[PDB]
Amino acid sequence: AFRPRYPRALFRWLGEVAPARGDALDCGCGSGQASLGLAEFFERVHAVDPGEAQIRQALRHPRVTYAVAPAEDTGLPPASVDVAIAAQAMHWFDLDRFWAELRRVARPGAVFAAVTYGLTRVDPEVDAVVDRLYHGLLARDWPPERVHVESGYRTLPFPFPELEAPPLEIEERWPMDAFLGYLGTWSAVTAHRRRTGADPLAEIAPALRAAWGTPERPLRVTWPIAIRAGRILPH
């Protein structure tokens, strides 16, 4: 199964807004899914996640240092970070302890960005089918509400003077089978199977093929990126 990747443009934007390009902190890094992206624009990447299994499987890079730690207690030296990102949903974060930690590690002007993405879009025919899946067939099966990440962090209590983030999107070039594989990663798809014993992707596949046309043809698939960003400490 394949998953959307944050684009180079996101990391490039972080490289420009940061006060310098020395040190990036990846807060809740999982297995390094965004860490290598940061490494393109920042000299050192410090990546933390509390999950030992995630860190054990993390993708090695010469300039990325991983550690098992919560985002709120990184162990990093104070005043050592130019940018910090949380791009895996701020999972299990105590926001107020987290903000204290960012203030401790930040250099003057350092940027924090909470980053997520929204519902995949392809074209209007395919989107109608996806909308029926997401809002219709899976409506009872959405996972427990995570108000902040679901709002694109619009609702996140955010204590830092904010930047205006530019419009950005994830872009992939996927044939139908890759796109179905991706839909199969949604929590709601698993939950639907647990509840009904039926595969909702099998149910929608005829309609999806009709919308797709020739299933082997790769289409441009996008996801809109949502960012809430600001300066942790003043310049």
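We number the residues from 1 along the sequence you see.
If you average the C-alpha B-factors over 204 to 212 and over 179 to 187, the higher value belongs to 204 to 212. When the two stretches 74 to 82 and 144 to 152 are set side by side, the higher mean Cα temperature factor goes to 144 to 152. Out of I170, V48, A198, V64, the entry records its largest CA B-factor for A198. Between the residues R228, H235, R5, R8, it is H235 that shows the highest Cα B-factor in the PDB record. The deposited CA B-factor of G37 belongs to the lowest third of values across its chain. In the deposited entry, the Cα temperature factor of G22 sits in the middle third of values across the chain's modelled residues.
In the deposited entry, the Cα temperature factor of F112 places it in the lowest third of its chain's modelled residues.
Ranked within its chain, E125 lands in the highest third, by CA B factor from the PDB record.
In the deposited entry, the Cα temperature factor of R104 sits in the bottom third of values across the chain's modelled residues.
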